[PDB]
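Below: one protein chain in two forms, given as structure tokens, structure 1 then structure 2.
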Structure 1
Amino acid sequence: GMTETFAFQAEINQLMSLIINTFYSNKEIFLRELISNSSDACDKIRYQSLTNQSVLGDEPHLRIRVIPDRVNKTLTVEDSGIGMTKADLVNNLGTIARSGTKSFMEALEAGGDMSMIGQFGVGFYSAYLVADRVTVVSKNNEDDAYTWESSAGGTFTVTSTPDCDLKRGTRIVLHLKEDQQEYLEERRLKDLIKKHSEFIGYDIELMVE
């Protein structure tokens, strides 16, 4: 089946090349980065709803949910936030992140700590510290539902998903690397949500059973 595939922009391509298959002592920070993004997406739609309540549509509840899949060996971070359009997935996010991507790359070449990735506005990419593939399913009010996917080899796919569960928001599926399986464990995820994301202004829903 024909899948639309794109080459990442120079700076992102170089940043992902840096992140993958590298030792780091605090790879657990990926969770804080994805939850903060989800909190921000929820805040954007909450803000839009203050002027136009119709923006909430059939999904009036704002949540952040963490789903470990012990059979598929995946960790999912899903929210009912603003979501992303096709143009966001393909170009717009990379355009706004460009300067910060180049600046973080420069900090990393200088011995910079990977934990400050979020201050550079490219925190999503920390998912590649623990995953070898990331699938991103997103539905924004202004577009159809789309699936973005990448194994950080320089390319990414973008496919329309006109049959996904999502009324609005983003679902990030982390296909965990063989040695990063600890992020599927209930205690680890509880301790991790508590350690770095305790006072997030939305419940961090952890699928326990």
Structure 2
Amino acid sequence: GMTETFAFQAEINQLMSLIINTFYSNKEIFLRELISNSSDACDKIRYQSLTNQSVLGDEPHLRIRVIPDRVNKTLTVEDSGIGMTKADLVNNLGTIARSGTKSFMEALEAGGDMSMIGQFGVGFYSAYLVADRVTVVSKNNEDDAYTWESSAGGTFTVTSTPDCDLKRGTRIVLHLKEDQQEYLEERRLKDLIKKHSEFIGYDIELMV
């Protein structure tokens, strides 16, 4: 549809630039962060479903999917959680993330570690540890499907993008850095998902 371009404020620019360039050597934490976020998104819709049930609609199964694509060199994390509207995408990835981002960087300046990113509610940006481009396709019950995309150049785009395969929830598509192809391997991902699956209340499906 119509593509709108938005700018990141300075803190998010600084964070993205920090993360995309860092020599932090435990980059695998990105997966933990995205799965955690997917798990929380499933909680929001489940909560709604207790009071209504009709909120689930055509997508009753609350689950998380990890999908490597060796052909296009992408790794996807998708869920059937509550999803985000156009305003939610912007609000979540731009607006509400600012004070968390600021505090995160201050914690790093004071001896903190990159693995703490989730404490600040900005764990999503850990995606840039292994990706040079991240695409977020989302569908909330109260809006059309929208696609947010950024390559960390100071701007992001939000585009209406009809997608029948996403009835509700969020698909995060990581276009991996050239030196980060291990996260397309079946074994690597299996071992990583097993690490935290027992503590995630929803099915995590690895699609080979």
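Each form is matched to the other, and the largest set of C-alpha atoms that superpose within 1.5 Å is called the rigid core. Numbering runs along the sequence of structure 1, starting at 1.
J.: Tell me, please, whether between structures 1 and 2 the C-alpha of residue 196 is shifted by 2 Å or more, with the rigid core used for superposition.
T.: Yes; that C-alpha moves by at least 2 Å between structures 1 and 2.
J.: 2 Å or more on the CA of residue 116 between structures 1 and 2, with the rigid core superposed, yes or no?
T.: No, shifts by less than 2 Å.
J.: Is the shift of residue 87 between structures 1 and 2 large enough to count as movement, that is, does its C-alpha move by 2 Å or more after the core is superposed?
T.: Stays below the 2 Å threshold, so no.
J.: Superpose on the rigid core and then read off how far the CA of residue 171 has moved between structures 1 and 2, in Å.
T.: C-alpha shift for residue 171: 0.3 Å.
J.: Relative to the superposed core, report the C-alpha shift of residue 13 between structures 1 and 2 in angstrom.
T.: Core-aligned C-alpha shift comes out at 1.6 Å.
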